[PDB]
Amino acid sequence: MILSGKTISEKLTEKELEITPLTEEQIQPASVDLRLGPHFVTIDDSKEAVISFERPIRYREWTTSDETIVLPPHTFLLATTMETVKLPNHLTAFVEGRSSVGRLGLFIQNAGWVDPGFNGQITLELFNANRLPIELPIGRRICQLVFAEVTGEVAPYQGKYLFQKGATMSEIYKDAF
């Protein structure tokens, strides 16, 4: 079943689930809002002519001290949540944008289910689908997690992104198969 916000609170309190740092008002009817962090990554368009899955891609990364960041029209940017999340083996969580955000043409393209056992901040794929730039304010609620129960024995997440911090560039080129 999808977990109610209240159930999410209970599980946090009992440490079945960790989401930190967190304010109680981030808890929603059946989701929890997460916030935009100060750290960003973009593909280095001056150095790379083509994007590849078979080798590392050069990129620029930075932490801003400003209150906002600008995302220009039709531009893609990697960001991160302030929150570090730790899921036990029997939960998964669907990351999605907040409706208020998507309605301004900011698409959280990374929308998907977090592997049970995942431990880290959440890397976000931001796309400005408008013809105008968007000013993103750091620390504002940008996306949310919807939790669901997993049935059966679980082999927990042991992949590339365990313990990730910051907007974390793809490591697709490490695929063993």
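Position 1 is the first residue in the sequence shown; the rest follow in order.
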Return whichever of 22-30 and 146-154 has the greater mean Cα B factor according to the PDB record. 22-30
Averaging the C-alpha B factors as listed in the entry, name the stretch that ends up higher: 7-15 or 160-168. 7-15
Taking the Cα B-factors listed in the entry, which of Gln121, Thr42, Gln109, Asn128 comes out highest? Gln109
When the deposited Cα B-factors of this chain's modelled residues are ordered and cut into thirds, is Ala49 in the lowest, the middle or the highest one? middle
Among all modelled residues of this chain, ranked by Cα B factor, put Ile69 in the bottom, middle or top third, i.e. lowest, middle or highest. middle
What third of the chain, by the recorded C-alpha B-factor, contains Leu36? lowest
Pull the Cα B-factor of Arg141 out of the PDB entry and bin it into the chain's lowest, middle or highest third. lowest
Place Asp115 in the lowest, middle or highest third of its chain's C-alpha B-factors, as listed in the PDB entry. lowest
